[PDB]
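**Q** Structure below; questions to follow.
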Amino acid sequence: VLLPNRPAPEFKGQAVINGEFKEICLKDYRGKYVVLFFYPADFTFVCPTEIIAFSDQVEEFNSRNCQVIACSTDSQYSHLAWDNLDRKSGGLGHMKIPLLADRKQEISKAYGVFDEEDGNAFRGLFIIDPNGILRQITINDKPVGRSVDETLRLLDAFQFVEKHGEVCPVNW
Amino acid sequence: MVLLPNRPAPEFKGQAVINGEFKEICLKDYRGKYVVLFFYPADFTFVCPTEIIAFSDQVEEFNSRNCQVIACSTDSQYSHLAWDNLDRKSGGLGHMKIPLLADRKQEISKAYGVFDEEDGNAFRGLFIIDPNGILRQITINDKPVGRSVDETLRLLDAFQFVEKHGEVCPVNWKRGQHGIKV
Amino acid sequence: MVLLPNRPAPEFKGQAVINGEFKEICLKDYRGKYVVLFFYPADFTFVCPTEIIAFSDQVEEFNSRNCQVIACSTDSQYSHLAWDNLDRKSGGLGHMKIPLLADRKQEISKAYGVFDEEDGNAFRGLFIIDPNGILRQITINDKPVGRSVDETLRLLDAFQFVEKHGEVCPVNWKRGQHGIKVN
Amino acid sequence: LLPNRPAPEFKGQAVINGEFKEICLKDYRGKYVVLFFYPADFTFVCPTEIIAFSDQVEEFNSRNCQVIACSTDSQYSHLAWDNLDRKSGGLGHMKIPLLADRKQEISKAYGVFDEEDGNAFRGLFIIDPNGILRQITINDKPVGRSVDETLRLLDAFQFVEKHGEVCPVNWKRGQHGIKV
Amino acid sequence: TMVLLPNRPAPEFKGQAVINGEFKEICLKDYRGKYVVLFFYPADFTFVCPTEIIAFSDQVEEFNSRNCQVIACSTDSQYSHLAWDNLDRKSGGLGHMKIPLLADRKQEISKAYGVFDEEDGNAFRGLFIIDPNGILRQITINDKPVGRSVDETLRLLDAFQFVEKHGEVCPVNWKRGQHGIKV
Amino acid sequence: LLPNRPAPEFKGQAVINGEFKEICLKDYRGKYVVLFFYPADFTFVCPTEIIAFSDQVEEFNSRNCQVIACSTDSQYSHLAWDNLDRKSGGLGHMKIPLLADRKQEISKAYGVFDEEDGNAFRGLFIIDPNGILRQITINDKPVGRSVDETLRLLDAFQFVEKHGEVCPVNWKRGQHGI
Amino acid sequence: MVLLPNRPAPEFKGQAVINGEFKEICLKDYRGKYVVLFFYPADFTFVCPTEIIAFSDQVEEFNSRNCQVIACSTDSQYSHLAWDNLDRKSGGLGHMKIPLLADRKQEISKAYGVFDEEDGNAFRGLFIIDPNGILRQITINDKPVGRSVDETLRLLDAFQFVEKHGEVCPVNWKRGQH
Amino acid sequence: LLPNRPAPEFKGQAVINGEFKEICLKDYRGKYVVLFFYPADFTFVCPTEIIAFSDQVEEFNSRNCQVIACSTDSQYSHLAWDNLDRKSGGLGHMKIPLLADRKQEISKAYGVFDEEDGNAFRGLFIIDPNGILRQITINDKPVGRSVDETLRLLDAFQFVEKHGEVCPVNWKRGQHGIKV
Amino acid sequence: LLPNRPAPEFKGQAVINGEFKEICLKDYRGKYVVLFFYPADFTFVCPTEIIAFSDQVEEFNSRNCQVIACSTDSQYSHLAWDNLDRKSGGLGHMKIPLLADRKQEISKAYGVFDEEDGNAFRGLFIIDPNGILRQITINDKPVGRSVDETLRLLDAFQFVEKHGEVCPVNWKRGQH
Amino acid sequence: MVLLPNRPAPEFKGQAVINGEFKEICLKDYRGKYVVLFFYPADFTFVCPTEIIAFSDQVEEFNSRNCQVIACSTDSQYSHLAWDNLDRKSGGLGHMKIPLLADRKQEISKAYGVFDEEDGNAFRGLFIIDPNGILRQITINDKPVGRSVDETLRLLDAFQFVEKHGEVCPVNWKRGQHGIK
């Protein structure tokens with residue numbers, strides 16, 4: 001049962017970072033906020049636009065001490081090819097955020113974003129606080145994408161509370 | 001565990017406060033319209049009214065978009081009413097243009113997955129539901145932290161665009177903006 | 001089914017409003033004392049305040065008898081305080097001399113068996129608890145009909161009588177009257 | 001066991017006027033019933049309660065209420081207790097029915113049964129004309145009930161049933177109820 | 001408990017009995033060293049039951065000299081038993097009984113000896129002869145309308161004491177003192 | 001196993017007048033039935049009882065009762081015993097049916113079956129014409145029963161059946177009940 | 001359902017009639033000796049005695065062979081005695097030179113699987129048990145058809161051969177051969 | 001397994017006079033059956049029985065009895081064994097059916113199968129013309145059977161069948177028998 | 001998964017000659033089917049097997065056999081891999097259908113699914129015109145298969161289906 | 001369902017015929033060596049002996065490669081022996097240079113999942129087991145169609161190349177060829 005006040009599910013797996021394979025886990029990221037967002041498939045249409053947007057804006061999350069990780073049920077071998085593929089040919093260009101592979105479906109299932117019809121995940125966005133605890137849960141229907149600006153907004157409010165202890169109003 | 005989009009949204013029937021009166025509303029009354037259903041933990045709290053006041057003041061932007069906004073909580077109807085009739089300067093809601101849905105039995109909060117056993121009251125979810133009663137968007141916050149009337153409006157525009165034009169909405173998608181075909 | 005006396009009363013812990021402030025109270029904080037715990041369905045209702053007020057005005061009679069009176073409802077602490085802050089002229093609680101216990105998790109109402117699945121509201125029960133936490137009297141009234149402060153005190157007197165004198169109290173027993181010796 | 005629920009059914013041999021007659025809860029439809037329990041025949045607090053209720057019977061007869069006393073003793077023990085005069089420690093002669101539960105079925109259904117004992121805790125259940133439970137009182141054995149509070153509770157439920165109104169704290173006959 | 005069987009330890013009973021107009025708590029281990037004739041009756045203030053109890057009480061010294069305690073049991077409370085005893089026989093009472101009246105109000109005892117009736121709430125008429133070591137010997141169950149035989153109860157008791165002492169066995173229709181069959 | 005309930009059914013092979021016949025409880029409907037068990041054929045206390053009833057048959061006959069003796073022995077062990085002379089240690093020849101239950105079904109149905117040895121305890125059961133049990137009597141093996149008490153109880157049950165009255169303690173014939 | 005003969009034989013313990021008095025015996029008593037344990041349906045029947053009489057007439061042939069023949073049935077020890085003490089003229093056993101084992105509790109016949117649930121009796125079994133308690137031969141016949149002392153002798157001869165000489169025995173193998 | 005009963009059904013591939021045929025217990029209805037099991041093909045003691053039963057087959061055929069040998073070996077093992085001459089350790093050419101049970105069902109059904117070495121003990125089961133179990137013989141493996149005893153047992157079961165009487169101990173053919 | 005029984009059914013998206021097509025085992029009745037699995041797209045040993053079966057495709061077509069390659073990759077990944085030039089490590093444009101299992105249920109039915117990684121072991125299943133299984137090959141991942149042995153095997157089963165005669169050890173074309 | 005590779009192969013222990021005498025063999029005995037364990041339905045069959053004879057005629061190709069070939073069927077040991085003894089003109093096995101493993105109990109065929117409940121016989125499996133007892137290959141043929149010694153050798157070569165050189169063999173790979181990193 002996925003709720004904001006509880007420890008986030010541990011994810012572990014193989015990711016593509018700077019054109020190489022590295023093995024990452026949620027516990028590595030302690031001390032930082034983590035934005036973990038799922039997309040349905042590699043070589044899709046709406047999906048690359050999101051990953052590219054977050055990558056181009058990665059420094060916004062870096063300055064905010066947040067690590068953005070993009071997970072999908074494709075293999076690391078697709079993640080790599082898709083990264084090696086230039087944006088004109090339909091590829092990802094080269095990405096500044098890790099692309100995490102769930103070939104086991106374990107990660108998409110643990111976060112409850114897994115779709116039994118497709119075999120691939122919905123689009124979740126989960127903001128995990130530095131202590132490994134879930135904060136925000138966003139799940140979008142596949143046709144409709146997310147907002148880098150709203151993720152930045154939320155990220156800023158949660159940080160505002162962990163520091164000030166005042167609680168954040170609407171439209172913040 | 002957590003709700004999924006592209007699946008029929010959980011049914012809610014409840015007693016609600018509309019224009020200072022009690023009405024019994026359900027989900028199927030709003031068929032033909034989108035429904036933004038958003039939860040808050042408690043009446044006579046602080047972060048809570050600021051969101052409802054905002055959704056209420058902006059309600060015409062949802063109305064023009066063929067959407068109903070319904071706030072729900074685990075408080076009774078007489079709390080919803082008392083809070084409503086109280087002026088905002090007294091920390092009340094002022095008089096409210098959006099229905100306040102009382103879930104006393106915890107049924108609706110537990111159905112949408114936003115109920116937590118620690119408080120006895122709801123996390124703030126925001127769910128967007130299509131005219132056929134199908135779930136589209138899911139948002140849940142840790143409640144120091146509130147939601148955005150502009151992002152709800154945005155998402156609203158996006159799903160309406162998809163259903164209308166059969167195209168899909170990219171990242172950061174806006175109004176009068178291009179989608180992608182199939 | 002429902003409770004039986006001469007058995008330890010169900011425990012409770014929760015957020016209560018006392019003198020316009022929040023405080024955590026539990027059944028065990030009241031040990032060495034009798035406890036009258038009574039339930040009402042909702043805040044900002046009609047029959048509910050009349051009872052709360054009544055028990056509050058008469059508090060001293062419960063205090064001199066070594067009893068703590070505690071009102072409980074499935075509303076919250078925040079709903080409770082807003083009610084207690086209001087003027088009675090405005091339909092409020094005035095200001096309350098007894099703790100208002102928030103049942104919000106619903107688990108106090110269920111423990112005492114007074115919980116109504118239809119409205120998600122508590123019925124009106126009243127429970128007399130001895131200084132060791134034993135259950136003595138049980139009353140549950142249907143919602144539209146309210147309770148009696150003087151009958152509660154009458155029963156409270158009776159149980160203290162049999163406690164002190166080890167006697168038994170006959171029907172319609174009145175304060176100071178002495179009962180039957182089971183000697 | 002809550003109010004605004006159908007009251008449990010009871011059926012059994014009762015002592016009425018000094019004869020045995022089988023009674024059931026449905027017989028009393030249209031009438032209010034006060035069903036009250038006592039632990040034992042030939043004891044101390046028990047007769048005083050029955051006697052008081054019997055002396056006051058007409059006060060209930062004016063409310064369209066039937067009072068019934070139940071316990072886990074036999075009909076044969078009930079009868080001999082009635083035949084015994086009060087000066088002898090008996091019931092005198094009763095204007096009220098004594099319902100016997102030898103099977104413990106009835107005590108257990110109303111949840112007043114004590115398994116350390118074999119006999120009932122003293123409960124009082126006011127049941128409305130349609131067989132729907134209204135009030136529930138259960139006293140620990142050493143402490144008996146009040147005839148006068150039972151009349152008070154009774155007056156209130158009838159006042160709600162009539163005016164549709166609701167009865168506040170300490171409500172007695174000839175007082176204003178709060179409008180719905 | 002389809003049926004009890006002889007040559008097995010008798011079911012234990014501990015209860016509250018009326019002995020000489022007073023309440024005593026007695027158990028089966030208390031009478032260890034002695035035989036026990038334990039017999040059940042359905043109800044106090046009835047027809048056949050007193051005639052049975054009065055008859056065992058009038059003949060009680062025949063059992064005392066045979067080193068056997070007689071106990072009557074029923075599902076009535078100790079308070080019924082005491083009122084039935086204290087009542088004179090003219091009124092339908094018990095006179096005053098020289099045997100203990102055992103109250104089993106929990107039905108445990110009558111259920112344990114198998115004589116309890118579900119359609120009733122009171123016991124059938126059992127008669128169980130129990131040897132000094134707690135072993136069951138004879139089992140008699142009569143339908144309620146028909147009563148028992150104090151003289152036949154005495155005959156069997158005599159028989160088991162003969163068997164016990166002389167290591168012989170008692171034939172059909174065996175009368176007290178007669179030689180039985182060796183080995 | 002209680003007096004107010006219908007009795008267990010038994011169907012078995014019995015020895016009636018030196019021959020084998022299959023009998024069952026429903027045959028005896030309309031008549032009273034005294035069914036009693038003995039542990040073993042060819043023992044000391046068992047025949048005394050069987051003979052006692054077999055000599056007394058006309059008291060049961062005139063009372064509309066049939067007396068049947070059951071045991072875990074075979075019908076063949078029964079018949080041999082019944083061929084034997086009492087002088088020889090046998091049964092002589094019996095006026096009452098000897099019911100063989102070799103399957104233990106009957107003894108177990110009536111709850112008198114001992115698992116320590118394969119022999120039944122000696123019980124005695126009185127069944128009214130309608131198949132309803134009345135008396136249960138079970139004795140430890142070394143101690144045998146009384147024809148006179150069985151006869152006494154017979155009169156008692158028939159009395160209450162007939163006159164509607166209940167029989168007091170120590171009741172005998174020529175006495176009025178309650 | 002059946003027990004198989006590479007395996008330790010089921011234990012039996014009961015009351016036996018030996019020499020005319022009751023003795024309690026078991027299967028571990030006869031360790032060091034071979035055992036032939038055979039079952040018959042009932043005492044005081046026609047076909048049963050002929051088998052026991054025969055084997056008991058053959059005793060020294062089983063004795064010289066270090067084997068103990070044992071009869072068993074579901075009858076009581078008291079039926080065994082009466083039958084043994086009976087003359088052969090009345091259908092009795094005469095006085096037997098082999099033990100008569102009683103199974104009252106039926107557990108021996110059930111352990112060896114010869115027990116018939118239809119009648120209370122057992123079929124005719126024959127089980128040859130080696131000195132260490134292991135089962136070797138299993139013979140079971142329907143009631144109407146009896147056994148052979150010669151064949152039991154042959155198998156015994158063969159089973160004793162195969163252990164001693166370590167050679168396997170062919171079909172129709174006789175008192176010594178090869 | 002007890003012989004008042006219906007015998008367990010067997011159906012399998014048998015080798016009969018050089019051919020593979022499917023046979024079942026129901027086929028031999030109307031006839032007696034001697035069904036005996038042996039542990040292995042190309043063993044020692046087994047041939048001796050199979051051959052002696054084969055050479056003596058006319059005594060069974062005149063008695064209206066079919067002799068069937070069953071093993072857990074394949075039909076292919078059987079045929080080759082039956083092709084092998086006796087001097088060479090084979091079955092010669094034998095006149096009796098060899099029933100092959102590969103899946104162990106049959107041997108398990110008659111209870112002569114042991115999971116130890118995975119091949120059958122030697123049972124011999126006599127089955128009346130209606131398919132009813134009559135005699136059960138089970139030999140430990142080292143020790144073989146008797147054709148002459150099986151012939152005796154068979155003569156007795158038929159005698160009982162025809163004349164309604166029984167067979168005493170050591171009954172021979174044309175002996176008296178005991179009337180019931 | 002024994003040879004003599006009807007094969008597990010598959011249904012799903014495939015990339016056939018640049019298009020997405022829904023295929024299932026029953027579509028191929030009247031034809032033999034070689035359904036072979038590989039762990040992942042954009043791997044190393046995997047493309048060599050597909051390209052070889054694709055290059056030899058006419059050998060199977062004249063033998064009345066359909067070759068389908070299944071992976072646990074998406075149809076979208078299959079598409080790009082086949083849009084990828086061989087020199088660049090892709091499939092060129094390959095002449096056999098690429099069957100997509102996202103739900104893993106095809107690889108689970110045929111038994112070749114690995115829990116260790118989300119990828120299939122390389123199985124090769126030969127299925128007859130009536131949908132009955134014929135032969136099972138399962139290779140450990142690091143070692144690939146042979147197009148000539150599949151061709152040999154396929155030839156043999158067609159020989160028994162035709163002549164009723166049995167193919168012995170090392171049987172090659174038209175022996176008997 | 002099915003045996004998977006890169007997993008420890010099921011243990012087998014039985015009575016086998018080697019050289020014409022019985023011997024007790026087991027999988028663990030062969031540790032340190034590669035094992036090809038292959039199944040056939042029956043003794044005294046037609047397709048079956050051809051395969052057995054072929055592996056026993058080719059036995060040196062396997063010994064050179066450090067592999068023991070083992071033939072298992074559901075027949076007993078005495079059937080294996082009589083078959084091995086029978087001359088090939090009578091349908092016999094000639095005499096075998098490879099162990100004939102008897103599964104009377106069916107445990108082995110059931111462990112390797114090649115057991116056919118229909119005939120009680122076994123299918124034709126061929127399993128390549130590595131020196132550490134791990135299963136690198138599963139080959140199961142429908143009965144009417146027999147296996148290939150050369151493909152078995154090819155596969156054997158391949159799993160040895162990958163273990164030695166840590167590379168991965170492509171399609172159609174034979175001895176002397178290169179591989180991929």
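Identifiers in this document derive from the order of the structure tokens: chains are assigned A, B, ..., residues are numbered from 1 separately in each chain, and ligands are numbered from 1 in order of occurrence.
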Could you name the residues that touch residue 171 (chain B) at 10 Å or less, counting only C-alpha atoms, but leaving out those on the same chain fewer than 5 positions away, as a PyMOL selection string?
**A** (chain A and resi 46-54+144-148) or (chain B and resi 179)
**Q** Using N, CA, C and O atoms, can you export the residues from the last selection as a PDB file, in the first residue's frame?
**A**
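Contents of part-v9.pdb, as written:
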```pdb
ATOM      1  N   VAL A  46       6.298   9.529 -26.538  1.00  0.00           N
ATOM      2  CA  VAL A  46       6.194  10.451 -25.403  1.00  0.00           C
ATOM      3  C   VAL A  46       7.339  10.249 -24.407  1.00  0.00           C
ATOM      4  O   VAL A  46       7.796  11.195 -23.754  1.00  0.00           O
ATOM      5  N   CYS A  47       7.795   9.005 -24.302  1.00  0.00           N
ATOM      6  CA  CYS A  47       8.804   8.617 -23.321  1.00  0.00           C
ATOM      7  C   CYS A  47      10.143   9.358 -23.438  1.00  0.00           C
ATOM      8  O   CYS A  47      10.635   9.895 -22.444  1.00  0.00           O
ATOM      9  N   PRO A  48      10.746   9.379 -24.642  1.00  0.00           N
ATOM     10  CA  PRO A  48      12.023  10.090 -24.789  1.00  0.00           C
ATOM     11  C   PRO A  48      11.930  11.572 -24.436  1.00  0.00           C
ATOM     12  O   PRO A  48      12.850  12.109 -23.816  1.00  0.00           O
ATOM     13  N   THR A  49      10.834  12.221 -24.824  1.00  0.00           N
ATOM     14  CA  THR A  49      10.664  13.648 -24.557  1.00  0.00           C
ATOM     15  C   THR A  49      10.806  13.966 -23.067  1.00  0.00           C
ATOM     16  O   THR A  49      11.409  14.974 -22.696  1.00  0.00           O
ATOM     17  N   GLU A  50      10.266  13.094 -22.220  1.00  0.00           N
ATOM     18  CA  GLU A  50      10.365  13.265 -20.771  1.00  0.00           C
ATOM     19  C   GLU A  50      11.796  13.091 -20.270  1.00  0.00           C
ATOM     20  O   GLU A  50      12.325  13.953 -19.569  1.00  0.00           O
ATOM     21  N   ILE A  51      12.416  11.973 -20.638  1.00  0.00           N
ATOM     22  CA  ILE A  51      13.780  11.661 -20.220  1.00  0.00           C
ATOM     23  C   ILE A  51      14.757  12.757 -20.641  1.00  0.00           C
ATOM     24  O   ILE A  51      15.664  13.123 -19.888  1.00  0.00           O
ATOM     25  N   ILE A  52      14.561  13.279 -21.847  1.00  0.00           N
ATOM     26  CA  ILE A  52      15.396  14.358 -22.365  1.00  0.00           C
ATOM     27  C   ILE A  52      15.195  15.649 -21.580  1.00  0.00           C
ATOM     28  O   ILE A  52      16.156  16.349 -21.259  1.00  0.00           O
ATOM     29  N   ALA A  53      13.942  15.957 -21.264  1.00  0.00           N
ATOM     30  CA  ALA A  53      13.627  17.162 -20.507  1.00  0.00           C
ATOM     31  C   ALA A  53      14.302  17.146 -19.135  1.00  0.00           C
ATOM     32  O   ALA A  53      14.966  18.109 -18.756  1.00  0.00           O
ATOM     33  N   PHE A  54      14.135  16.047 -18.404  1.00  0.00           N
ATOM     34  CA  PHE A  54      14.766  15.882 -17.095  1.00  0.00           C
ATOM     35  C   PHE A  54      16.293  15.950 -17.173  1.00  0.00           C
ATOM     36  O   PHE A  54      16.945  16.510 -16.289  1.00  0.00           O
ATOM     37  N   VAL A 144      -0.356  10.793 -21.512  1.00  0.00           N
ATOM     38  CA  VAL A 144      -0.133  12.119 -20.944  1.00  0.00           C
ATOM     39  C   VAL A 144       1.107  12.243 -20.040  1.00  0.00           C
ATOM     40  O   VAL A 144       1.196  11.603 -18.995  1.00  0.00           O
ATOM     41  N   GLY A 145       2.040  13.108 -20.438  1.00  0.00           N
ATOM     42  CA  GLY A 145       3.312  13.266 -19.743  1.00  0.00           C
ATOM     43  C   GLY A 145       3.358  14.171 -18.513  1.00  0.00           C
ATOM     44  O   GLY A 145       2.381  14.840 -18.173  1.00  0.00           O
ATOM     45  N   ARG A 146       4.522  14.203 -17.860  1.00  0.00           N
ATOM     46  CA  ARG A 146       4.729  14.927 -16.599  1.00  0.00           C
ATOM     47  C   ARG A 146       5.400  16.289 -16.785  1.00  0.00           C
ATOM     48  O   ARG A 146       5.731  16.674 -17.907  1.00  0.00           O
ATOM     49  N   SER A 147       5.594  17.009 -15.679  1.00  0.00           N
ATOM     50  CA  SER A 147       6.147  18.363 -15.712  1.00  0.00           C
ATOM     51  C   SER A 147       7.415  18.491 -14.872  1.00  0.00           C
ATOM     52  O   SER A 147       7.414  18.199 -13.673  1.00  0.00           O
ATOM     53  N   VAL A 148       8.492  18.936 -15.510  1.00  0.00           N
ATOM     54  CA  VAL A 148       9.758  19.143 -14.824  1.00  0.00           C
ATOM     55  C   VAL A 148       9.617  20.296 -13.842  1.00  0.00           C
ATOM     56  O   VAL A 148      10.242  20.303 -12.779  1.00  0.00           O
TER      57      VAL A 148
ATOM     58  N   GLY B 179       0.576  17.777 -30.013  1.00  0.00           N
ATOM     59  CA  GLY B 179       0.772  16.452 -29.458  1.00  0.00           C
ATOM     60  C   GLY B 179       1.490  15.566 -30.455  1.00  0.00           C
ATOM     61  O   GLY B 179       1.950  16.039 -31.492  1.00  0.00           O
TER      62      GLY B 179
END
```
**Q** Find the residues near residue 126 (chain I): any atom within 8 Å, counting only C-alpha atoms, skip ones fewer than 6 places away on the same chain, and give them as a list in words.
**A**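 Surrounding residues, per the criterion: residues 32, 33, 34, 35, 133, 134, 135, 136 and 154 of chain I.
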**Q** Would you save the residues of that selection, restricted to N, CA, C and O atoms, as a short mmCIF file (atom, residue, chain, number, x, y, z; two decimals), in the first residue's frame?
**A**
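Result file is selection.cif:
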```cif
data_model
loop_
_atom_site.label_atom_id
_atom_site.label_comp_id
_atom_site.auth_asym_id
_atom_site.auth_seq_id
_atom_site.Cartn_x
_atom_site.Cartn_y
_atom_site.Cartn_z
N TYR I 32 4.93 -26.59 -40.37
CA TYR I 32 5.79 -26.82 -39.22
C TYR I 32 6.22 -25.45 -38.69
O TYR I 32 6.19 -24.46 -39.41
N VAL I 33 6.62 -25.40 -37.43
CA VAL I 33 7.11 -24.15 -36.87
C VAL I 33 8.37 -24.39 -36.07
O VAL I 33 8.43 -25.28 -35.22
N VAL I 34 9.41 -23.61 -36.35
CA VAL I 34 10.56 -23.59 -35.47
C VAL I 34 10.50 -22.30 -34.67
O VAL I 34 10.67 -21.21 -35.21
N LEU I 35 10.20 -22.43 -33.38
CA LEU I 35 10.13 -21.28 -32.50
C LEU I 35 11.35 -21.29 -31.60
O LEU I 35 11.46 -22.14 -30.72
N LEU I 133 4.22 -30.78 -30.41
CA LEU I 133 5.65 -30.56 -30.26
C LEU I 133 6.39 -31.74 -30.88
O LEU I 133 5.83 -32.82 -31.04
N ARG I 134 7.65 -31.54 -31.26
CA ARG I 134 8.44 -32.60 -31.89
C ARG I 134 9.78 -32.81 -31.20
O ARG I 134 10.07 -33.91 -30.74
N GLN I 135 10.60 -31.77 -31.18
CA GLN I 135 11.90 -31.84 -30.51
C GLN I 135 12.14 -30.58 -29.66
O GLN I 135 11.66 -29.50 -29.99
N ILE I 136 12.87 -30.74 -28.57
CA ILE I 136 13.26 -29.61 -27.73
C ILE I 136 14.77 -29.45 -27.72
O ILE I 136 15.50 -30.40 -27.45
N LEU I 154 14.33 -31.21 -38.76
CA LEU I 154 13.11 -30.92 -39.51
C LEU I 154 12.92 -31.92 -40.66
O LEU I 154 11.81 -32.41 -40.89
#
```
**Q** Select from region 29-119 of chain B everything DSSP, run on the backbone, classes as strand (DSSP E or B), then give the selection as a compact mmCIF listing (two decimals) with N, CA, C and O atoms, in the first residue's frame.
**A**
```txt
# COMPACT_ATOMS: atom_id res chain seq x y z
N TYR B 34 -15.62 15.38 -16.33
CA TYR B 34 -14.43 14.92 -15.64
C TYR B 34 -14.65 15.20 -14.17
O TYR B 34 -15.41 16.10 -13.82
N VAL B 35 -13.99 14.46 -13.31
CA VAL B 35 -14.06 14.76 -11.89
C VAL B 35 -12.69 14.83 -11.27
O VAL B 35 -11.93 13.86 -11.32
N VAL B 36 -12.35 15.98 -10.71
CA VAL B 36 -11.15 16.09 -9.90
C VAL B 36 -11.57 15.89 -8.45
O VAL B 36 -12.29 16.72 -7.89
N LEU B 37 -11.15 14.78 -7.86
CA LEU B 37 -11.49 14.44 -6.49
C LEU B 37 -10.24 14.54 -5.63
O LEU B 37 -9.30 13.77 -5.81
N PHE B 38 -10.22 15.48 -4.69
CA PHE B 38 -9.02 15.69 -3.87
C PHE B 38 -9.27 15.61 -2.35
O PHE B 38 -10.25 16.15 -1.84
N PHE B 39 -8.36 14.92 -1.65
CA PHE B 39 -8.50 14.64 -0.22
C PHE B 39 -7.66 15.58 0.66
O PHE B 39 -6.58 16.00 0.27
N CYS B 67 -15.47 20.13 -15.65
CA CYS B 67 -14.95 19.34 -14.56
C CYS B 67 -15.65 19.70 -13.25
O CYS B 67 -16.00 20.85 -13.03
N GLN B 68 -15.86 18.71 -12.40
CA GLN B 68 -16.35 19.00 -11.07
C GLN B 68 -15.21 18.74 -10.10
O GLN B 68 -14.52 17.74 -10.21
N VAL B 69 -15.01 19.66 -9.16
CA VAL B 69 -14.00 19.44 -8.14
C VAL B 69 -14.71 19.05 -6.87
O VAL B 69 -15.66 19.71 -6.46
N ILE B 70 -14.29 17.95 -6.25
CA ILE B 70 -14.91 17.51 -5.02
C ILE B 70 -13.86 17.26 -3.95
O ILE B 70 -12.99 16.40 -4.11
N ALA B 71 -13.92 18.03 -2.87
CA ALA B 71 -13.02 17.84 -1.76
C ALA B 71 -13.62 16.80 -0.83
O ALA B 71 -14.82 16.80 -0.58
N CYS B 72 -12.79 15.90 -0.33
CA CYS B 72 -13.27 14.91 0.62
C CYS B 72 -12.35 14.83 1.83
O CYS B 72 -11.17 15.15 1.74
N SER B 73 -12.91 14.41 2.95
CA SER B 73 -12.13 14.21 4.16
C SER B 73 -12.89 13.21 5.02
O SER B 73 -14.00 12.80 4.67
N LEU B 100 -18.23 19.70 -0.34
CA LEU B 100 -17.41 19.05 0.68
C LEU B 100 -17.99 17.67 0.97
O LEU B 100 -19.08 17.55 1.52
N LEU B 101 -17.25 16.64 0.60
CA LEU B 101 -17.72 15.27 0.77
C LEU B 101 -17.26 14.73 2.11
O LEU B 101 -16.06 14.74 2.41
N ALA B 102 -18.20 14.28 2.92
CA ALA B 102 -17.84 13.74 4.22
C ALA B 102 -17.66 12.24 4.05
O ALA B 102 -18.53 11.57 3.50
N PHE B 115 -6.00 6.69 2.75
CA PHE B 115 -6.23 6.60 4.19
C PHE B 115 -5.03 5.98 4.91
O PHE B 115 -4.52 4.95 4.47
```
**Q** I'd like the neighbourhood of residue 67 (chain I) as a PyMOL selection string, where a residue qualifies if any of its atoms comes within 12 Å (using only C-alpha atoms), though same-chain residues fewer than 3 positions away should be ignored.
**A** chain I and resi 16+25+28+31-37+49-61+63-64+70+94-99+124-127+147+150-151+154
**Q** Could you give me, as a list in words, the residues within 10 Å of residue 82 (chain B), counting only C-alpha atoms and dropping anything in the same chain fewer than 3 positions from it?
**A**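 Counting only the stated atoms, we get residues 20, 43, 44, 77, 78, 79, 85, 86, 92 and 93 of chain B; 43, 44, 79, 82 and 83 of chain C.
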